[PDB]
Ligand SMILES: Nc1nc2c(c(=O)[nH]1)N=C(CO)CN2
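The form solved without the ligand is given below as one chain in structure tokens.
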């Protein structure tokens, strides 16, 4: 057929990825993402991950499968891109080539989809879901060939994974009765892959019964609209009454007006720090600060002490940190800048020792749940690479928001493995930043900036749910501006949020004059009071952060922060949510 014509083509597909395994959602779904990157094209958009309920309310397999992967007949191009013309035109939505497969008209499509909806409704009369959408700049020719490959991808992994096609360019397709020859399937597969591997094919004939573009359930299932609203809010297919955002909002409002259900509440947005699910805005996590320079040189010393540094790492884990943020800068520890020690030499030994010391005192199989996520405050591609290659780190914390070296973004993807990234807003360096303070609209300039970085990383296949925002308190902000940023923190209610107020100069600015600091050298009695005040002022920001549902706070003082967060969590922990009005009523009757 025209299906097999070897003239190279660039198509835009939109996929849905589903699983119901809570514990392994991330590994399952990220495995599927990578086989889609490998066997289909380039991932150029992702939604958040979502824990979904229906609208009314086995692992070692994978790790071994990655070695025995059949090669693609197309080479995957890791190169960074700034835009993508085909995607820009898919959104317009401008003139593309005619569909290879036969297209149905709007009316017939709708009727065919409605049939499937009512027929499946009757069957269900005779669960937690984990959902994610993706956009693929695809080299595959047509929706059906893609479905054949999708089916193969599924079978390589096998209800553990369900991959659907939601859109494929601007086409409207309904194909009724699909009889596929095991030899026609092979020719499609061999068109894209360097090919028992026959039982796989035999399973597929039964599987592809029909084909629907857009997918049947596209506007009917909230979870799909929910995902598509992150990626392509303004998009309008010929088959839909309105744009994706407009459809999504109507669903939310109608569910509210007609059934008195808040559909948002049952359908949770997820971010991923490492390998497990985190529910957006459901926990304030403590990130422990380990500054190697401060640990070593601030008392007057001239040598790095990796042991002392690793002692502090364990002290933080015990004090209640979930994440450790480790950083160094290239510094000259003598009077003359004559000899100096590199960032690599500051951070990698400490990371190496921590990893060694972890694998020892872990003697029981049980103490591995207690393993902190590891974040590295670096803008250096080489530092990050050695960390990632020797499995020393989980998260890139990039205070330039990946603008120092955008190639650092390539190191956030391996094959199977994805790493998470913090992007922070700043201007200049520590020497210049205090003067770089003019903003046309402080709150929204920083937000738009961070949003643009996200769009860039998302365009290059960094999964949306792995990107965290940091407003960079104290970095090119006057003290009143750091305060204004906190005042307007709600502006990040849709996003994973990572902040760092700890011990910054704007805290002292909140005090009018009208032991929590462990001393490195002897400061005066008057300076000790000021440090107490600052760490306490910080604990006030922890409280504020707690109530504002900030996802991650970066602190020097873990024990103190944890104490605060434990007490606020307890106060919020209520057994019976209406017992307040029930007890009140009982008193009124008494």
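We call the rigid core whatever largest set of C-alpha positions still superposes within 1.5 Å between the two forms. Residue numbers count along the first chain shown, from 1.
Modelled in this chain, residue 533 is likewise resolved in all the other entries of the protein that span it on both sides, not missing from even a third of them. Modelling of residue 130 is complete across the other compared entries in which both of its neighbours are modelled; not even a third of them leave it out. Unmodelled deposited residues between residue 179 and residue 180: none, per the record. Where coordinates are absent for parts of the deposited sequence, a chain break appears; between neighbours residue 57 and residue 58 it spans 10 or more residues. Just going by the entry, 429 to 437 versus 398 to 406 on mean CA temperature factor gives the higher value to 429 to 437. The question of which stretch, 474 to 482 or 337 to 345, has the higher mean Cα B factor is settled in favour of 337 to 345. The maximum CA B-factor among the listed residues 273, 188, 165, 287, taken from the PDB record, is found at 188. Of the candidates 278, 311, 203, 390, it is 203 whose Cα B-factor is highest according to the PDB record.
For residue 495, the recorded CA B-factor ranks within the lowest third of the chain. Only modelled residues enter the ranking. Ranked within its chain, residue 265 lands in the middle third, by CA B factor from the PDB record. Residue 531: CA B factor in the middle third of modelled residues in this chain (values from the PDB entry). When the modelled residues of the chain are ordered by their C-alpha B factor, residue 574 lands in the highest third. Remark: residue 298 belongs to the highest third of its chain, ranked by C-alpha B-factor as recorded.
Keep in mind that the form deposited with the ligand bound is missing from the display, and what follows is about it.
Using a 4.5 Å cutoff between non-hydrogen atoms, residue 70 does not count as a contact of the ligand in the deposited complex. Contact between residue 56 and the ligand in the deposited complex is found at the 4.5 Å heavy atom cutoff. Proximity of residue 138 to the ligand in the deposited complex falls outside the 4.5 Å heavy atom cutoff. In the deposited complex, no heavy atom of residue 285 sits within 4.5 Å of the ligand.
The contact with the ligand in the deposited complex, taken as any heavy atom within 4.5 Å, belongs to 129 out of 171, 248, 235, 129. Among the residues 219, 223, 229, 420, the one placing a heavy atom within 4.5 Å of the ligand in the deposited complex is 223. Picking from 46 to 54, 544 to 552, 59 to 67, 561 to 569 the stretch near the ligand in the deposited complex, with a 4.5 Å limit on heavy atoms, gives 46 to 54. Contacts between 150 to 172 and the ligand, taken as any heavy atom within 4.5 Å in the deposited complex, involve only 162. The only C-alpha among 438, 363, 183, 77 that moves by 2 Å or more between the shown form and the other one, given a superposition on the rigid core, is that of 363.
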